[PDB]
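Here are the chains, one letter per residue:
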Amino acid sequence: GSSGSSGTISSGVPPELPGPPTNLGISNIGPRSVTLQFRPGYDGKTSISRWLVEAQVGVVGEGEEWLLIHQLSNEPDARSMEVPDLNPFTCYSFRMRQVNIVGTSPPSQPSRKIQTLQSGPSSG
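First, a word on scope: everything that follows refers to the structure included in this document. (Residues numbered from 1 in each chain as written, not as in the entry; some residues may be left out. Heavy atoms only, no water.)

Our focus in this paragraph is the packing of aromatic side chains. With the rule as written, the count across this model stands at 1 aromatic pair. With a centroid separation of 5.3 Å and an interplanar angle of 50°, the aromatic rings of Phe38 and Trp51 are classed as tilted. Taken together, the residues span a long stretch of sequence, with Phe38 in strand 2 (residues 34-39) and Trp51 in strand 3 (residues 50-55) at a distance of 13 residues. On the basis of relative accessible area, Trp51 is assigned to the buried category, the value being 1%. Stacked on the ring of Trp66, the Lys or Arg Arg95 has its end atom at 3.7 Å from the ring centre. (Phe/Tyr/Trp six-rings, centres within 6.5 Å; stacked < 30°, edge-to-face > 60°. Helix = DSSP H or I, 4+ residues; strand = E, 2+ residues; numbered from the N terminus. Buried < 20%, exposed > 50% of the residue type's maximum accessible area, 1.4 Å probe, protein only. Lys NZ or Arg CZ within 6 Å of the ring centre and 35° of its normal.)

Summed over the entire model, instances satisfying the criterion amount to 3 salt bridges. Close ionic contact of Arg97 with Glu54 constitutes a salt bridge, the shortest N to O distance being 2.8 Å. Placement of the pair is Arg97 in strand 7 (residues 97-99) and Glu54 in strand 3, with a sequence separation of 43 residues. With a relative accessible area of 16%, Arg97 lands in the buried category. The network of salt bridges with common partners includes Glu54, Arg95 and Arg97. (Salt bridge = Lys/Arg side-chain N within 4 Å of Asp/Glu carboxyl O.)

This part covers the nonpolar core. Core analysis: the biggest nonpolar cluster contains 17 residues, and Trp51, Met81 and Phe94 have the highest contact counts within it. Residue assignment for this core shows that the elements contributing at least two residues are strand 2, strand 3 and strand 5 (80-83). (Core = buried A, V, L, I, M, F, W, Y, C linked by side-chain atoms within 4.5 Å.)

With that settled, the discussion passes to a nonpolar patch on the surface. A surface patch of nonpolar side chains, about 260 Å² in accessible area, is lined by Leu17, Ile101 and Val102. Tracing the backbone shows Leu17 in the segment before strand 1 (22-27). (Patch = residues over 30% accessible without salt bridge, like charges linked within 9 Å, V, L, I, M, F, W, Y side chains within 5 Å. Areas by Shrake-Rupley, 256 points an atom, 1.4 Å probe, with all protein chains shown as cover.)

Another point: the side chain of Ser93. Within the secondary structure, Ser93 is located in the loop between strand 6 (91-92) and strand 7. Here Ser111 takes part through its backbone oxygen, which lies 3.4 Å from a polar atom of the side chain of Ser93. Those residues in contact with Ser93 that lie beyond four places of it in its chain are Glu54, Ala55, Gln56, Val60, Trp66, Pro110 and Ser111. (Polar contact = N/O pair within 3.5 Å; in protein donor to acceptor, adjacent residues only side chain to side chain. Contact = heavy atoms within 4.5 Å.)

Structure (structure tokens):
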């Protein structure tokens, strides 16, 4: 953009909403816990208050709903985090979200389909 009208701005300015974080990846996929990496695109002239991590059950496509599963509060300096409470031996997805004094941004592109390890003994 490139424009501006008469006036001044120096006293009080409300914050804005963040942006959709990218560079999402699914690594260290454990049994019921995995590490979801990401990067804060646009904070919104304000640090994040809490990150929202949603996921879907089996079916990973439109029509269904996305509910929260993992959320990191008070930690705007967390490039990545672990997502506990995961369904083992089940195809699930994961996303990211930013929350600030403004509000909660929309859902970001979901990660590729993966397979959670099994919950129990299984070695050798």
